Amino acid sequence: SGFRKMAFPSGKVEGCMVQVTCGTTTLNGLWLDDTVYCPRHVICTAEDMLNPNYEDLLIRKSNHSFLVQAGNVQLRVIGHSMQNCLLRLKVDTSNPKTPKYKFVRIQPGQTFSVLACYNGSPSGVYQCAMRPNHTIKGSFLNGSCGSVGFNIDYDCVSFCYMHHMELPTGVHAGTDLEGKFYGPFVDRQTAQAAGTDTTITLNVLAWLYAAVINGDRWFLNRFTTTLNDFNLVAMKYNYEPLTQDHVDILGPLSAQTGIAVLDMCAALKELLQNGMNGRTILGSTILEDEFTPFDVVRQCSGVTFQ
Ligand SMILES: CC(C)C[C@H](NC(=O)/C=C/c1ccccc1)C(=O)N[C@H](C=O)C[C@@H]1CCCNC1=O
């Protein structure tokens with residue numbers, strides 16, 4: 001029993017982290033096979049960062065403008081290209097610790113683990129949700145760029161995030177591993193603000209199902225709701241609308257608990273209108289939205305505490 005924000009084991013990812021220096025800027029890179037990936041703003045100076053032209057800044061560099069270090073061992077750069085907001089550095093050694101892996105662009109509301117790294121050295125692991133407004137509420141200091149987010153399925157690492165910047169509100173923005181940003185953000189020190197965010201309705205429901213699987217039913221009720229009547233309540237409390245696709249996705253959790261999705265929505269509707277009355281759900285005094293339905297099935301017992 002119990003329920004925690006759980007990251008994936010980070011070992012397979014730790015063996016891919018390196019340090020990338022160019023000029024005076026240093027950040028982390030990701031070494032798969034004979035390529036190292038890292039944010040392209042590694043080629044900026046302090047004055048470049050306000051309005052960089054990366055194409056112009058890059059052509060002024062050679063292969064040996066870039067210093068790549070894997071632990072102790074220096075790695076020789078023998079090629080370089082810019083892919084969207086990333087640089088791809090070809091090196092002369094293929095990483096013997098390369099795991100099976102894919103590059104994936106995750107969807108809003110999905111979760112992943114972040115390995116926070118400094119100077120190519122892993123420092124910490126934690127779980128994140130891609131917010132609706134395409135930021136993540138991470139914990140990143142200077143030098144954390146090039147840290148990656150990932151999921152692990154069996155033995156395959158699905159890389160989905162690389163860290164580039166922090167917004168004025170203290171949340172974080174970055175790209176997939178093809179260099180396309182999540183959200184309308186650009187890699188410049190310009191005025192950039194997070195769009196307004198929304199609570200991830202699908203995840204709140206998934207976590208209510210977690211609470212039932214772990215043996216708690218106090219928040220349920222005898223009512224039910226139409227999709228549309230729920231969405232009128234979702235609107236008032238700044239929750240995402242529930243769609244029929246979201247109802248379908250909650251199918252298995254509804255089966256394992258015997259609670260119909262729209263029954264659970266009535267429960268949530270009532271929770272949004274009346275509060276929690278000083279009680280907790282799975283240890284929390286607030287409604288949690290950073291667990292997907294997949295998160296719940298992964299972590300919870302497949303047998304309900306009836
Ligand atoms: C987009 C790029 C041109 C540079 C990038 N810029 C930024 O992250 C923006 C920082 C900022 C702070 C306050 C107000 C407005 C902007 C950067 O330094 N990125 C760091 C990468 O190493 C990581 C930043 C550092 C700050 C502290 N936390 C973080 O995530």
Side-chain angles (χ1 to χ4, degrees), residues 13-95 98 103 114-124 136 138-149 159 161-168 170-183 185-192:
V13 177
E14 296 168 48
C16 303
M17 302 307 305
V18 300
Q19 182 165 220
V20 178
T21 303
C22 176
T24 76
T25 308
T26 281
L27 40 66
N28 311 276
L30 187 67
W31 180 24
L32 310 166
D33 304 304
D34 64 351
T35 304
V36 170
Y37 309 73
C38 70
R40 71 188 174 165
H41 71 249
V42 72
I43 70 168
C44 289
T45 73
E47 67 212 296
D48 291 328
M49 278 178 189
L50 295 317
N51 195 22
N53 188 287
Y54 287 99
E55 182 191 13
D56 198 71
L57 288 170
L58 185 52
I59 208 166
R60 308 179 185 257
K61 309 282 171 177
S62 68
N63 286 338
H64 46 102
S65 304
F66 299 100
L67 169 72
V68 174
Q69 188 163 322
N72 313 255
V73 184
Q74 218 183 303
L75 295 183
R76 185 171 132 55
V77 175
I78 73 193
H80 60 276
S81 38
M82 176 163 63
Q83 178 175 12
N84 299 286
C85 293
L86 294 193
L87 301 176
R88 308 166 64 128
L89 317 176
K90 190 179 187 189
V91 307
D92 61 2
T93 317
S94 210
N95 185 357
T98 306
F103 290 173
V114 177
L115 180 66
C117 300
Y118 300 82
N119 305 111
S121 180
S123 87
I136 60 170
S139 163
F140 287 114
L141 303 170
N142 274 99
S144 65
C145 286
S147 298
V148 294
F159 293 100
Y161 177 90
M162 172 165 275
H163 182 50
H164 292 246
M165 63 186 322
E166 183 183 290
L167 298 178
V171 300
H172 302 106
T175 69
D176 57 38
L177 274 291
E178 284 182 354
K180 299 159 183 246
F181 259 87
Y182 293 103
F185 308 105
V186 302
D187 46 345
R188 282 134 203 279
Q189 301 256 101
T190 186
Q192 263 173 123

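Side chains are part of it too, since the values below use all heavy atoms of this structure and drop only hydrogens, waters and symmetry mates. For the single chain, residues carry numbers from 1 onward in sequence order.
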So which heavy atom on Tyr118 is nearest to which on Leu141, and how close? OH-N, 3.0 Å

Any heavy-atom pair between the side chains of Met17 and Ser121 that's under 4.5 Å? no

For the residue pair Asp187 and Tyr54, what are the closest heavy atoms and their distance? O-OH, 2.8 Å

To the nearest 0.5 angstrom, please state how far the CD atom of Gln74 sits from the OG1 atom of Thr93. 11.0 Å

If the condition is side-chain contact (heavy atoms from CB on, under 4.5 Å), which residues does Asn142 pass it with, not counting sequence neighbours? none

CD/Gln192 to OG1/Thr190 distance, rounded to the nearest 0.5 angstrom? 6.0 Å

Report the residues that fulfil salt bridge (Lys or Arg N to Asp or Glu O under 4.0 Å) with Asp176, sequence neighbours left out, ordered by chain and then residue number. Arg105

Where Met162 and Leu177 come nearest, the two heavy atoms and their spacing: N-CD2, 4.2 Å

OG/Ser94 to CG/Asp34 distance, rounded to the nearest 0.5 angstrom? 5.0 Å

Minimal heavy-atom distance between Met49 and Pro52, with the atoms involved, is O-CD, 3.6 Å

Closest contact, heavy atoms only, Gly15 versus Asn95: O-ND2, 3.0 Å

May I ask you to test the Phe66-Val36 pair for a side-chain heavy-atom distance under 4.5 Å? no

Report the distance from atom NE2 of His164 to atom CZ of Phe185, rounding to the nearest 0.5 Å. 13.0 Å

Sidechain-backbone polar pair: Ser62 side chain, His64 backbone, donor-acceptor under 3.5 Å: yes

Does some side-chain heavy atom of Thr175 sit less than 4.5 Å from a side-chain heavy atom of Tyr37? no

Hey, what do you get for OG (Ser144) to NE2 (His172), rounding to the nearest 0.5 Å? 6.5 Å

Please tabulate, for side-chain N and O atoms in residues 22-29, each donor-acceptor pair with protein atoms closer than 3.5 Å (sequence neighbours left out).
residue : atom : partner : partner atom : Å
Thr25   : OG1  : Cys44   : O            : 2.9
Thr26   : OG1  : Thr21   : OG1          : 2.6
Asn28   : OD1  : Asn119  : N            : 3.4
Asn28   : OD1  : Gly120  : N            : 2.7
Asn28   : ND2  : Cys117  : O            : 2.8
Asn28   : ND2  : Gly143  : O            : 3.2
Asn28   : ND2  : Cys145  : O            : 2.8

Close side-chain approach of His41 to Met165, heavy-atom, < 4.5 Å: no

Of all residues at least two apart in sequence or in a different chain, which pass the ring-ring contact (aromatic ring centres under 6.0 Å, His included) check with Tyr182? none

Side-chain donor or acceptor of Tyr161 paired with backbone N/O of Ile136 under 3.5 Å: no

Table please: side-chain donor-acceptor pairs of residues 82-92 below 3.5 Å, with sequence neighbours left out.
residue : atom : partner : partner atom : Å
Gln83   : OE1  : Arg88   : NH1          : 2.6
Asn84   : ND2  : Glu178  : O            : 2.9

Sequence-distant partners of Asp56, side-chain contact (heavy atoms from CB on, under 4.5 Å), two or more places apart: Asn53, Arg60

Above 12 or not: heavy atoms from other molecules or residues under 6.0 Å from CD1 of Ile59? no

Between atom NE2 of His80 and atom CZ of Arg40, what is the distance when rounded to the nearest 0.5 Å? 14.5 Å

Looking only at heavy atoms, the pair that brings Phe140 and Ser147 closest together is CE2-CB, 4.1 Å

